[PDB]
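One chain follows as structure tokens, the form deposited in one PDB entry.
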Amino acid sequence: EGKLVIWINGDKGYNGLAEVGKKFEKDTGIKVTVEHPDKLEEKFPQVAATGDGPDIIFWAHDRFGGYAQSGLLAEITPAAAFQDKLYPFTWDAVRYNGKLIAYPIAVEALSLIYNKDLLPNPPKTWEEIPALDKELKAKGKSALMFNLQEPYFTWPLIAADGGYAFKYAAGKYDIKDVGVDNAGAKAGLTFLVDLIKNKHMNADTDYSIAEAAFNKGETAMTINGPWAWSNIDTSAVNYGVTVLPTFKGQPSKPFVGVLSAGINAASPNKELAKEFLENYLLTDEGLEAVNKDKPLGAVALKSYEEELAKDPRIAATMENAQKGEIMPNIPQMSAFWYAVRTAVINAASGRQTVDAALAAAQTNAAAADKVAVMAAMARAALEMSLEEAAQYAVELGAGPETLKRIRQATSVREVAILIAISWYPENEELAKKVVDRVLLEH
């Protein structure tokens, strides 16, 4: 009750943070203890409400939505002048249900990485890349390889011309306003698919393949974040990082990850934690102390960010971050990530058109909650026998009509579909797709 316990992941500068805490206690008499236990993101919701939980937790802002939803984080109330010390968009990442629930610390986003020896002038448009790839193919190399399997990496292009996950307005997300289906998203994914059809990229390329190719000097560009820089530092590739190419004259919009510090709603040192975070850590001195231990990348503090941005790599990370889309912190993002992923993997390989792929991912993401209910039911029911699944229908309060259909059903798959439709009779084919998805995974 007179100490601060701070949890931060092992891959961060926890020792520099501890040096901030020793400066703290030299000024204050309040001892500060920085720990870095494994799985702290999973441990915190289990220990927070009760004793032995940390006063301050550092993690990417997207988990803090879950913490705040369950009441584990204090609402923080920084004065106007302190808020104006950080970039305004970074405060939008630590907003949950109209209330601020963390301090922004660091900012992370994808950038365009390029081999200065192969390509001292990287293209500013995606439209340039086909001819550039044609030119470099005559020399035995390719223009651009990045991970096409994960929608995090392909979303910058897809979103460029107008796509988005959920609409953010007035500090809130509208879970029914999804931008996976609009004209801009379609145009970006169409351009990607065309890059593949013309053999400027391979639909099979994943993270390890892209990183191996770029780090061995086989391709002139990749798309990646600061977490990869160290592997390039050891690779003997003279590389730079810069703003991502534009598409139809609009910036690519990568997702933004904001390392944030929350205050445990059960901490008895909330005022001490506020004083440590505001008066000691979020200063040039404290952020530099953390940064010298392990680099923060781009930083939410304006004064310190403009000192860091003398490195063009950090300046690029921050520029892409300001042109991008804050990662929504809401649980419906789950349905986004699966759906969009399927979509682009199906469009890149020619199994669905882009129109059909994105139409499916749009209906899924707009119906995130119904999908979660149907998929949880399906996961349960598909492990039962036909008889047990029928009894399960009875225990779920199924009406007599669907009960009669269910006793006529010949397989547990059919029963799961009938249950899902008894709950959501207006989305038959979505129910079929969800049950078949769960079947595919087991």
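Residues carry their position along the shown sequence, with the first being 1. Think of the rigid core as the biggest set of C-alphas that the two forms share within 1.5 Å after superposition.
The same protein also has a form deposited in another entry, omitted here; what follows describes it.
Once you align the rigid core, which of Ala79, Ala356, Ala212, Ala183 turns out to move its Cα at least 2 Å between the shown form and the other one?
Everything else stays below 2 Å; the exception is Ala79.
So the Cα-Cα distance between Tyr87 and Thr242 shifts by 3 Å or more in that other deposited form; is it shorter or longer than what we see here?
Relative to this form, farther apart in that other deposited form.
Once you compare with this form, do the C-alpha atoms of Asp11 and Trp229 lie closer or farther in that other deposited form, given a change of 3 Å or more?
So the answer is closer.
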